[PDB]
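Below sits a lone chain in structure tokens, taken as the form deposited without ligand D0Z.
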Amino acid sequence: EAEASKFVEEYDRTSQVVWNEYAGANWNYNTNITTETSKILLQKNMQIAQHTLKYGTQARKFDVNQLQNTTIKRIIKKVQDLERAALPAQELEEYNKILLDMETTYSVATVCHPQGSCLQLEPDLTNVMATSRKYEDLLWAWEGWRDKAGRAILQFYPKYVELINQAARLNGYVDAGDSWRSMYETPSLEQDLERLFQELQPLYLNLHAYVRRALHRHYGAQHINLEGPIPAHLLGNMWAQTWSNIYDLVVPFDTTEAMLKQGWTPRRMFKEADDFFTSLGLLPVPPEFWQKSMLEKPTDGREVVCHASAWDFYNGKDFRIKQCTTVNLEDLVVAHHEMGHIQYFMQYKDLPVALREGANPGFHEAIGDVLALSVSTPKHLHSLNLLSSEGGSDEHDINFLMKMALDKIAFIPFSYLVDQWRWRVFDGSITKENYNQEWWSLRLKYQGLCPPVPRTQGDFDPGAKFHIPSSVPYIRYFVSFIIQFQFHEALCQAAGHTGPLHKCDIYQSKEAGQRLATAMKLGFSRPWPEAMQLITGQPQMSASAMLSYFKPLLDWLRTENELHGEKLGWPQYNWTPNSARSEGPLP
């Protein structure tokens, strides 16, 4: 037992130096994609693997079930997982090269107008999807992004799957999805997620039908079938994963302009997020954060990984965000999400290295989103002068719940299906011959969406979603959206807020800060249900908090759709627009 403690000390001390090295290399590539920065990162990938290999093989000489201290037990179980360092060196080199090629391909992909400008995903294509109301322009960006990014990833993915599965098996799992699912250490995970998804089906179906009706009156009866799926390019988002950018088309009864005109900048957006955390009594970000973060897209023509991300450099002092920030409300919410990762990093920085993780990955994703729920309320937005004051009517409540639902509820089936697809790719039930076909089968089944153009040989639409080529698990985001409302509910009840949950603003609540702090400080030292119960008072994942938040909207949608005679669901997937009659005479 004294030997295991000696091992843990050596692991924590030595791991910090090598992980900090790798983080630095990984950052230098992410903020400057070049052949030199790529070469260095692959180099350091070898170095970190030799460390993982050294201490992982030692960790596997202990019998953890014979250890008394439960904290030391959890640590050694973690270190026994070699992850990709389990692969032989030649295969590891190939695997690391593949991950980098896929990540680079995605990040430098562009969609060009013939003899015109070339658009990048951020901000150009993102802005088209969010603001264009013309069927053909939206289709140009939607299909263009999948031709350039999606198709370009297909040649890598079969070998990526082969190798990530091999690493998992060498670490004792059945496949890579088994390894990923183990992050929640819950035997019943798949059933729990299925039941959570089913609890939210009534709400999503009613939202789907109402939004389908709104699109029907804007884009025309010839392009929207009221008993079928929605074309995937009309929801305001490249992946139809959140719908709030079409609030204008669906509101039942402009913040970007306000942020720009009033002088908001990327650094002021992250500062406002920082001020919100400190209003709760949580930690401010160090001066080194403002010094080293990349909070704007470079202007020197540098190629970078623009997708927002938060970084821990494993020295208790250096935490950074890398985001190509745009001055709008959407990205203000992203900034809060990213600042929640940083808060977590700082909260558990003094824990042993292997326990410096979220209670589960969903917890890490939820912290920032919890605060953003309060920032997004009309009261708080007005306090930020981004909205003129509103009266708290019934019609303004439904409008606000609708806005929130277009993001939170619409995201539920998308976040669910991403890893349903990957899990089945990893376990072998989906192969390269039907990657795209099963992707759209799930897009239909769970989201009720259809592709606006036929998918041809060589399409790989999963590859056009950042997390697929980047190999970042996605179920964490499904979990996050459920539990962030459980957290919101608990923090609001703690702060004394009474009444409708959607009117709660935990701004300045030191009680809410203390509750989040003690949970984040646990890191990964206790199974996540204990952290769940500390915050909420119960140990389970439950959709009830989310459903309580949206109860007024669910009631309103059910009535509205019933009186309009809507068919909930989409039984008619095989429909087309009518072909207008071509009458003569013919020149």
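Don't overthink the numbering: it's just position in the shown sequence, from 1.
Although it is not shown, the form solved in complex with ligand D0Z is what the next lines describe.
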For this session: Just give me the single entry in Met402, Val334, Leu295, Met259 that has a non-hydrogen atom within 4.5 angstroms of ligand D0Z in the bound PDB entry.
Result: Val334
For this session: Have a look at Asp461, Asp175, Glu365, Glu489 for me and say which one sits with a heavy atom within 4.5 Å of ligand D0Z in the bound PDB entry.
Result: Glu365
Seminar exercise, completed: Testing 130-138, 381-389, 208-216, 476-484 against ligand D0Z in the bound PDB entry with a 4.5 Å heavy atom criterion leaves exactly one stretch, namely 476-484
Problem set entry | Partner contact for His467 in the bound PDB entry: ligand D0Z, 4.5 angstroms, heavy atom | yes
Problem set entry | Contact test in the bound PDB entry: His341 vs ligand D0Z, heavy atoms, 4.5 Å | yes
Exercise. Heavy atom to heavy atom, is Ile153 within 4.5 Å of ligand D0Z in the bound PDB entry?
Worked result: no
Exercise. Heavy atoms within 4.5 Å of ligand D0Z in the bound PDB entry: does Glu357 have any?
Worked result: yes
For this session: Heavy atoms within 4.5 Å of ligand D0Z in the bound PDB entry is the criterion; list the residues of 303-317 that meet it.
Result: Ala308, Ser309, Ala310, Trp311
